[PDB]
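S.K.: Pasting an experimental structure, sequence included:
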Amino acid sequence: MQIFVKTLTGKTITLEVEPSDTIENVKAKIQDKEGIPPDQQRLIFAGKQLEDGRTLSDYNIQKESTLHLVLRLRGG
Amino acid sequence: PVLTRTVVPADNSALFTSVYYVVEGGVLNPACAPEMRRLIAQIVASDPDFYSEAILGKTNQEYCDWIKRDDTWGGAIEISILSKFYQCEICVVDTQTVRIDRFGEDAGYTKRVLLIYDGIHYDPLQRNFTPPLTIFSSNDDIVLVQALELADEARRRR
């Protein structure tokens, strides 16, 4: 199953996975690809934030669907 | 030439002050922050489809009041917005993982500015030689490497 992830920077990341991986494990595969720490990631799909400890396809995420990465990076 | 960090106050507005400093040519002024906050809310309010509750984390109006506060931190949302506004590539180098996040990499702008992030605070980066250089060619990839070295030297220190 192949998905696309569009980041805040504009980059479109294509992630190789299966519809029974944890969201915290998606953040693990994302970190193996972009070096972004999972504790800075916020995954979102279909106007809904994805919660850790849950599988994809639980929210109708099919192959060739587009999910969203929002970096936190708050700093003052 | 050498890449250096310029220290801006950690008064909750460091992101705004750091951005202002590098787009404006090496101008340090923590007063730009309210109008920079006001711009942001202005942009976010004008498109509640793109800046929905999911993307933001709060509701679109709730977020606009939040970012207007003087004690609330800017993050990647503000960077992305500012990037589009200043028509610039804002590159953020992390001291914690020594990595670069290029905001606006997909637009093809003619300039890029560099910020340094340590998890709670932003500082701006500049070149020294003669006034400092803060804006660079988006084809200048030596500053990218120069910043990494800088960030990693920081990382060592911690």
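M.R.: Received the coordinates, thanks. Residues are numbered from 1 along each chain as shown, chains lettered A, B, ... in the order given.

S.K.: Okay, the residue nearest to residue A:7 when sequence neighbours are not counted and residue B:36: tell me how far apart.
M.R.: Among residues not flanking residue A:7 along the chain, residue A:69 sits closest, at 4.6 Å (Cβ to Cβ, 6 or more residues apart in numbering or on different chains). To be clear about C-beta, it is placed using only N, CA and C from the backbone, and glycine gets the same treatment. Plainly put, residue A:69 is 24 Å away from residue B:36 if you go by Cβ to Cβ, to the nearest Å.

S.K.: Residues of chain A that sit close to chain B?
M.R.: Residues of chain A that fall close to chain B, judged by Cβ under 8 Å from any Cβ of the partner chain: A:8-11, A:35-37, A:42, A:44, A:47-49, A:68, A:70-76.

S.K.: List buried residues within these.
M.R.: Buried members of those, scored by 16 or more other Cβ atoms under 10 Å in any protein chain shown, are A:8-9, A:36-37, A:42, A:44, A:68, A:70-71, A:73-76.

S.K.: out of those, who's nearest residue B:105?
M.R.: residue A:9 (5.3 Å; Cβ to Cβ).

S.K.: The closest one: what's it in contact with?
M.R.: Contacts for residue A:9 (Cβ atoms under 8 Å, 6 or more residues apart in numbering or on different chains) come out as B:80, B:101, B:102, B:103, B:104, B:105, B:106.

S.K.: same thing but 6 Å
M.R.: Going by Cβ atoms under 6 Å, 6 or more residues apart in numbering or on different chains, residue A:9 touches B:102, B:103, B:105.

S.K.: State the helix or strand in which it lies.
M.R.: Using DSSP states H and E, residue A:9 falls within no helix or strand.

S.K.: separation between it and residue A:59?
M.R.: Residue A:9 sits 24 Å away from residue A:59, going by Cβ to Cβ.

S.K.: repeat for residue A:76
M.R.: 33 Å.

S.K.: Quick check: residues of chain B near chain A?
M.R.: With Cβ under 6 Å from any Cβ of the partner chain as the criterion, chain B comes near chain A at residues B:12-15, B:52, B:54-55, B:73, B:75-76, B:80, B:99, B:102-103, B:105-106, B:117, B:120-122.
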